[PDB]
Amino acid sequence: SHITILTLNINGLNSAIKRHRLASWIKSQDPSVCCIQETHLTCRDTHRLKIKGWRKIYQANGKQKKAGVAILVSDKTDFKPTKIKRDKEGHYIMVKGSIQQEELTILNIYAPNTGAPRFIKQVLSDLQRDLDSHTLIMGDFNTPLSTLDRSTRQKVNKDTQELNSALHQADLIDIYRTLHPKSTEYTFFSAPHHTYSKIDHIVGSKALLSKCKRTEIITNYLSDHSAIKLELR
């Protein structure tokens, strides 16, 4: 029975109507694990995020209606947690555990608009003791990782090159780009610039590659980001 992992920047959940439509969308997608970014919930308001079928919901949130991340696990998934690491500022959350007795390490990250790849590299640094051979890093990196991740096809800046080098040192690869080397799909559109970019990513341990059956982008009506879904064997 295959595990599916979904990542979606939801662009805010402080409204009830949004929360109801996220719930219907998640229940239609039926993911085993769902990573959400920019819930915009404060540390006070986390119990507003509830969805039938996904009772286990881990969340990292700051004090303001900014950022905010969450990892939802399906009630149908036999999940045993071992470690949950929450960003005090609500920009990332790591959940470690086992499903069907396989260990999985999931880092859900929401990088800020400014200095995104530096922030990510620092997070990898802060969390290096918990990175392993079954690590998935997904979320809104707010940065392309390679030239084909932007409609402009411009080269990635120096900060991004260092992040990629840090990823390589940790034996981490862009799973989406590995499965789709020539892909020209995008997850975000910036109207000021008429620019399209893939700033949402699924990065993982190289040892997980053989378990990565399919990965695809899912456009939607809920948010200004498209989702990414990964199917594990």
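Quick note: we count residues from 1 along the sequence shown, nothing fancier.
Novice: Comparing average C-alpha B factors as deposited, tell me which of 123-131 and 144-152 sits higher.
Specialist: Per the deposited B-factors, the answer is 123-131.
Novice: Do the C-alpha atoms of 207-215 or of 13-21 have the higher average B factor in the entry?
Specialist: 13-21 has the higher mean C-alpha B-factor.
Novice: Per the entry's Cα B factor values, which of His201, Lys56, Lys65, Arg177 stands out as the maximum?
Specialist: It is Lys65.
Novice: Can you pull the Cα B-factors for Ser32, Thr42, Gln37, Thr187 from the entry and say which is highest?
Specialist: That would be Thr42.
Novice: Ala191: which third of its chain by C-alpha temperature factor?
Specialist: It belongs to the highest third of the chain when residues are ordered by C-alpha B-factor.
Novice: Which third, lowest, middle or highest, does the C-alpha temperature factor of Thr46 belong to within its own chain?
Specialist: Ranked within chain, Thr46 CA B lands in the highest tercile.
Novice: Going by the CA temperature factor in the PDB record, which third of the chain does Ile99 belong to: lowest, middle or highest?
Specialist: Highest third.
Novice: Quick one: classify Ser197 as lowest, middle or highest third of the chain based on its Cα B-factor.
Specialist: It belongs to the lowest third of the chain when residues are ordered by C-alpha B-factor.
Novice: Among the modelled residues of this chain, does the Cα B factor of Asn157 put it in the lowest, middle or highest third?
Specialist: Highest third of the chain for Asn157's C-alpha B-factor.
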